[PDB]
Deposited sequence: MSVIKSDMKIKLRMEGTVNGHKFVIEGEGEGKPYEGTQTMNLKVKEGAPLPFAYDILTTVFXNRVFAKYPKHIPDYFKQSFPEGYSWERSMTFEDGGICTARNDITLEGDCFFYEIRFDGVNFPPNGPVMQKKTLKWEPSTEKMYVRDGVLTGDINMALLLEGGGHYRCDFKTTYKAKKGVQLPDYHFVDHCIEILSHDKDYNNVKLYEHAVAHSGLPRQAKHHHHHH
């Protein structure tokens, strides 16, 4: 079902500040190593007039290395799979909502994604494309109403220094009964490995590892 090497295909449809776009992706990862890489292409709405980094964490917690002592909500959910929904609340009032419905056929995951962003200041770092990268982060995972919730204090590093803060809340919903984990953490690191001038073509990497804190 979930093998050492898996492929990924995705389509994202979205609107940010009223600008409509479609992004398609293909990639590969190692679910048990917690690593993955994706090649993304803008199919409609090029050139994007906003910072590409707001999209990157929307482009699957299957790709997270879970130790034996923490139930793995995500890997347990397949073959049936799971979906997630997310809000991204930025410190200057920008708010994004996103969702991913993740299905599995053979060795390929398919992602149906929707992304919407509103209320970004026109002179802020998102609409002025002044972001460099997301910093690494630690997601706090806990069960609430029988499903799994993840909260994250995120930060974008900005051109010229300084950070731009965003708070993530993701709800994750398994499509079958699975053993629920106790409170735990997932450390993440996401990076754009390469892109062309207007980010019409982007190569993206993530590494993620689950853990129980200090210790």
| query | finding |
| --- | --- |
| Sequence ranges without modelled C-alpha atoms (deposited numbering) | 1-2, 62, 219-228 |
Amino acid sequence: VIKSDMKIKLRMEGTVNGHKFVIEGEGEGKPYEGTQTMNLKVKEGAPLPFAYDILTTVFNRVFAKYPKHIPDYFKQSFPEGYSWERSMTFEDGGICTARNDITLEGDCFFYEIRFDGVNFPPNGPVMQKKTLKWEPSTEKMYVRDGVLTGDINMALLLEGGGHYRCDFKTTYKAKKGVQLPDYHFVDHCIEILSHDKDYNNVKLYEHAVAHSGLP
From here on, numbers count along this sequence of modelled residues.
| item | value |
| --- | --- |
| Given 104-112 and 81-89, the range whose Cα B-factors average higher in the PDB entry | 104-112 |
| 93-101 versus 140-148 - greater average Cα B-factor per the deposited record | 140-148 |
| Residue of maximum C-alpha B factor among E28, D167, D53, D187, per deposited coordinates | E28 |
| Residue of maximum C-alpha B factor among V62, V58, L156, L180, per deposited coordinates | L180 |
| Relative C-alpha B-factor of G117, binned into the chain's lowest, middle or highest third | lowest |
| Third assignment of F21 from its chain's C-alpha B-factors | middle |
